[PDB]
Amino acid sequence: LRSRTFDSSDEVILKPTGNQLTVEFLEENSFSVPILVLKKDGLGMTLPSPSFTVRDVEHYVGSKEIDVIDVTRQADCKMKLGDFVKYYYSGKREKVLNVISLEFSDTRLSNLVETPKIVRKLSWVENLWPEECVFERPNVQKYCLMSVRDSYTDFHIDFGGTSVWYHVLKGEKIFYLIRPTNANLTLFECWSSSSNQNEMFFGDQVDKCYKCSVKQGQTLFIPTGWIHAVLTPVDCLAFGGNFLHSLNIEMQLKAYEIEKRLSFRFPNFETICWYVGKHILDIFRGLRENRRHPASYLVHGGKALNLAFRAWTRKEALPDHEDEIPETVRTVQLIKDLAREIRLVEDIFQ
């Protein structure tokens, strides 16, 4: 409804050029803060022209049951796309409706859009989800967002501890961003499992809340665990996607364990972790045999990953986690091997 007074993000949010946004760039900073890229050149995307409209979204997706958020009544419902488009172009919208969950990769719209290059290089699903396995591949890579003026999504952490990119093709979005310190995470879990949670503005409860506007042609990358709300001050059309990566594995697991203690979720999160575990073990093995040392974040990440592996497979917890373990993973052997590799890197006597 109204935008107020927010703490300065000058020392927090990074604004590199598209070309500066590389893996090494992220590795040097740990992908700890949101990243706003003002111009799309260098990001490696493919996008429809800025003249591409919501009317064209209906064309490629089909007049499709899409999930719609009733902002005004704070509730979730379903609509045909043609009905939403019709609503979107009405000069007398009675209510405030928001579409944020239209995943379009299995539709015709999918070949008009290519996601940022950094995302595809980092993404666990993209690179490490196997062709052949009993599980369904998680499909959370291409979303079409259609937000009317005065749309609002309250403070949340993205499902599965994912990181996210958003490109605004038309209009504007304003993100309200809170760093996932242990304190803020505690306050968030407290706020999220509270009764009348949706009466209290979470940005009041915390040390610092940053506001970041994302205008036409701009691209925002939000890292793991960052608590964010979104206001749409002008009718908006945006594309975005969600991804897991190896830069802060502990934070991904922490976000996932919060989502568990509350209750919408990254499908087969634990499955991809198990496959990532096997891969990380190979990376450690390859580096030691090559007489090189792994980067610090990978040692820390493998450690956190191995802690979760043990927690998921201990006797009291196993019934809740067994269904997610791939049949090609020897749980005990992987835990043992990951632990040995990590101990070898860290033991001062070798």
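Throughout, we count residues from 1 along the sequence that is shown.
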Hey, how big is the hole between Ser63 and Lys64 in terms of deposited residues without coordinates: none, 1 to 3, 4 to 9, or 10 or more?
1 to 3
Between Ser263 and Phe264, how many deposited residues lack coordinates (none, 1 to 3, 4 to 9, 10 or more)?
4 to 9
State which stretch shows the higher mean Cα B factor in the entry: 67 to 75 or 233 to 241.
67 to 75
Per the PDB record, is the mean Cα temperature factor higher over 27 to 35 or over 290 to 298?
290 to 298
Which one, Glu126, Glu114, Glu250, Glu257, has the peak C-alpha temperature factor per the PDB entry?
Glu257
Between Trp165, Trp226, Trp274, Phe202, where does the Cα B-factor run highest in the record?
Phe202
State the tercile, meaning the lowest, middle or highest third, of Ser8 with respect to the CA B-factors recorded for its chain.
middle
Comparing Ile118 with the other modelled residues of its chain, is its CA B-factor in the lowest, middle or highest third?
lowest
Where does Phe221 sit by CA temperature factor within its chain: lowest, middle or highest third?
lowest
Lowest, middle or highest third: which one holds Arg179 when the chain's residues are ordered by CA B-factor from the entry?
lowest
Relative C-alpha B-factor of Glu270, binned into the chain's lowest, middle or highest third
lowest
